Each structure stands twice: as structure tokens, then as C-alpha cells.
Amino acid sequence: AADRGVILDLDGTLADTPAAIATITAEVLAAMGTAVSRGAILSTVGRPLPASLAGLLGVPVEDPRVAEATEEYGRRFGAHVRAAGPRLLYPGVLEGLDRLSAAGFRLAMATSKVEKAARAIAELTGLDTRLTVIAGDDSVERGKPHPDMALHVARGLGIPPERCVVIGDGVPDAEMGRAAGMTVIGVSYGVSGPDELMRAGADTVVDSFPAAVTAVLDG
Ligand SMILES: [Mg+2]
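So, how was this worked out
Residues numbered from 1 in each chain as written, not as in the entry; some residues may be left out. Heavy atoms only, no water. Axes fitted to C-alpha atoms, helices over the stretch in contact; angles between N-to-C directions. Helix = DSSP H or I, 4+ residues; strand = E, 2+ residues; numbered from the N terminus. Parallel < 35°, antiparallel > 145°, perpendicular 65-115°, else oblique. Left-handed = near helix turned anticlockwise from the far one by under 90°. Contact = heavy atoms within 4.5 Å. Nonpolar A, V, L, I, M, F, W, Y, C, P; charged D, E, K, R; others polar. Pairing = 2+ DSSP bridges.

This entry, as listed in the PDB, derives from X-ray crystallography and reports a resolution of 1.25 Å.

A. View of the packing of helix α3 (residues 49–57) against helix α4 (residues 64–84). Put simply, α3 and α4 touch, their axes get as near as 9 Å, and they point 120° apart. With respect to their mutual orientation, α3 and α4 come out oblique. Note that α3 runs across α4; the crossing there is right-handed. Contacts between α3 and α4 involve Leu49, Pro50, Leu53, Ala54 and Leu57 from the former and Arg65, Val66, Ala69, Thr70 and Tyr73 from the latter. Per-class residue counts for the contact of α3 with α4 are 8 nonpolar, 1 polar and 1 charged.

B. Focus on the sheet that holds strand β2 (residues 105–110). Strand order in the open sheet formed by 6 strands is β3-β2-β1-β4-β5-β6, and the pairing between neighbours is parallel. In the strand order of this sheet, the two ends are held by β3 (133–135) and β6 (204–206), each with one partner. Adjacent strand axes in the sheet meet at a mean angle of 25°, parallel and antiparallel pairs treated alike. As paired elements, strand β1 (residues 4–8) and strand β4 (residues 164–168) share 4 bridges and run parallel to each other. Bridge pairing links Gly5 to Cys164 in β4. Across the face of the sheet, helix α5 (residues 93–102) comes into contact with β1 and β2 while running at roughly 135° to β2.

The structure is reproduced here in C-alpha cells:
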């Protein structure tokens, strides 16, 4: 058994959500009576939701307008997840996670979604039965890019950081993993290009989730 850990981002890594996040963010803003530049939305995609919506609304994060928006987003996104079911996931995700488990890797999710939303997504997609630990942005005091979430789930897995790899599509994932003393496999099919992820400290970048699985399996 490998007795190693794999710490997986959700949005843009396991779940093919970036396009839907942008759309639904726009739907929420319109519901809230406003709109923002396309590029502003795109810069937030997959980042923590209250902070992102507060930035887009241009208001303090504690402003009641933010909780109104986050609640509306939860309704719309929840409906999207029921419409997608397992097709929320990229091809080969469940199979790849099962192969990592078969090889004795212990699996966790570290997402910028809130934990309850992460759990619900895990349940609707089938990730839940592959993952030993799930953490989201509100599971820890300091979310991405801080190491804390990765350190927290590694402890839950019983694997030290030196034996964990972070897999993600975002600069915050790469920063989180490096800060935590972990290896990082960037993926290029989500919100970031390969050069950005390299420059953020990814040890390698791959172009598909099966390719990330292969990288881990082959050491
Ligand atoms: Mg992501």
C-alpha cells in the first residue's frame, strides 16, 4: 500500500464547474439587481464564494447584501448539481480515484466551497465514498492559499505532509500545497494555464484528470 495522501481540489479539478460558476455568479448578481464585467467574474471563479460575491458587489464581506447573494447562489448551484449528477465530474474521475485507493493512497478533498456544499456535491456525484476527509473554506480559520486546510486534512488521513500531494487547477491550490510542505500536481484544464501553475510552484502540470492519476500511481 502506498501509505501516501492525495489532497484534491473540487472546482476545476474533480468537477467541471468553471463555466457554470461564471454563469450562476452572473445570475445571482442579476437577481441582486446588478451586473459586473465578464473579466471580474472570471477572476473569481472557484475562489471562496462570500469573498468573491462581496468583491463583485463591491461591498464589505459582512454587508447583508453578501449573505443574500450567497444564499441565492446556493439555491441556483444546488439545482445545477442535481441536473448534472455524476456528469458534474470530468471523465475518469471516479475510476481514477478508485485506482488511487486500490494502490493504497488515502484521499481527501480540500475545496474553497463551504464544507456543507462540498459534502452535498460529494454525495450527488459519488465522490463521497472515495474520500476519507472533506474540508472546505469554512472548515479552517485560514482557507486557501494558506496551508491550513491541507494540514488539517492530512492529519485526518494520518499521512504527514511529506507524503501528500495536492492536485488542483488554481494558483491557490499550488500555494497551499507548497506552504504545507507538499508536492503539487497542477492541472491545466480548469481555471489556470500551465505556466501560471508552474510559476506558483507546481512540481508538474498535466492536461487531464486521468493523467494526474497516472502521475501519482507512477510516483
Ligand atoms: Mg479549482
